[PDB]
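Notes for the one structure printed next.
Every residue, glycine among them, receives a Cβ derived from its backbone with ideal geometry; neighbour counts consider all protein chains shown. What follows draws every value from the coordinates through simple rules; no lab data is involved.
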Ligand SMILES: *C(=N)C1(NC(=O)[C@@H]2C[C@@H](S(=O)(=O)c3ccccc3Cl)CN2C(=O)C2(c3ccc(I)cc3)CC2)CC1
């Protein structure tokens, strides 16, 4: 794998969004992964509808603003035959009746791939596939108030993940001792972290479970 990857540079990543006071992180993780894979396929970056996923993916197992799984989102897109654009089906931050309209479908998927539960496997995926949906343990105040640098939380769990985000690359700081990170896009607005991103500790015993439930859609 390259020593550093940043898919933002290659046009795969939309601007940071804000989930608000709805438990829809999983939807933003899923749209981010599918935005990447559609861009790879078509050369067009089109922002996708989280609201469509929040409102419509109950049959696949998702719980709207009460949580969900990226893999269930990818299954919904496959079962449904499409996913609307953000423009056509804007984000409300509340669960509402399903208003999917196939006329405005701009994405598809044919399934998904679960990555092996090792950081080395995650690195190989990020290097070759594009942005990857991941689960992290985000349940420490250190994460809520994260501002800059490499996030390391001694009490982070590699098993107890509660937040779905998007790995858009990886690299290393030149400053001193433990300087490698995953470049992670959050869905908490641009105000949080580093423009809405968190450079998370990489190759430090699967810190915060970042490699424990990683996946991406096939297109
Ligand atoms: C996002 N605003 C919130 N978190 C969730 O919905 C997270 C997302 C995923 S995950 O990324 O944490 C995860 C965890 C374990 C295995 C795979 C994945 Cl993708 C699930 N979320 C959860 O909080 C839990 C969950 C699991 C399944 C369902 I349906 C609903 C919720 C509790 C694991 C809402 C805060």
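Before moving on, here are some points about what is shown:
- Volume per residue of the convex hull around the Cα atoms, evaluated for the chain, comes out as 110 Å³.
- Segment 129-172 and segment 179-213 have Cα centres spaced 4 Å apart.
- Rounded, prolate or oblate (a/c below 1.5 giving rounded, otherwise prolate when a/b exceeds b/c) for segment 37-76 by Cα gyration tensor: prolate
- Shape of segment 112-213, Cα gyration tensor, a/c cut at 1.5: rounded
- Going from the residue with the fewest nearby Cβ atoms within 10 Å to the one with the most, 192, 7 rank 192, 7.
- Proxy reagent accessibility, fewest Cβ within 10 Å first, across 53, 183, 34: 183, 34, 53
- Among 89, 104, a tally of other beta-carbon atoms within 10 Å of each Cβ gives an order, fewest to most, of 104, 89.
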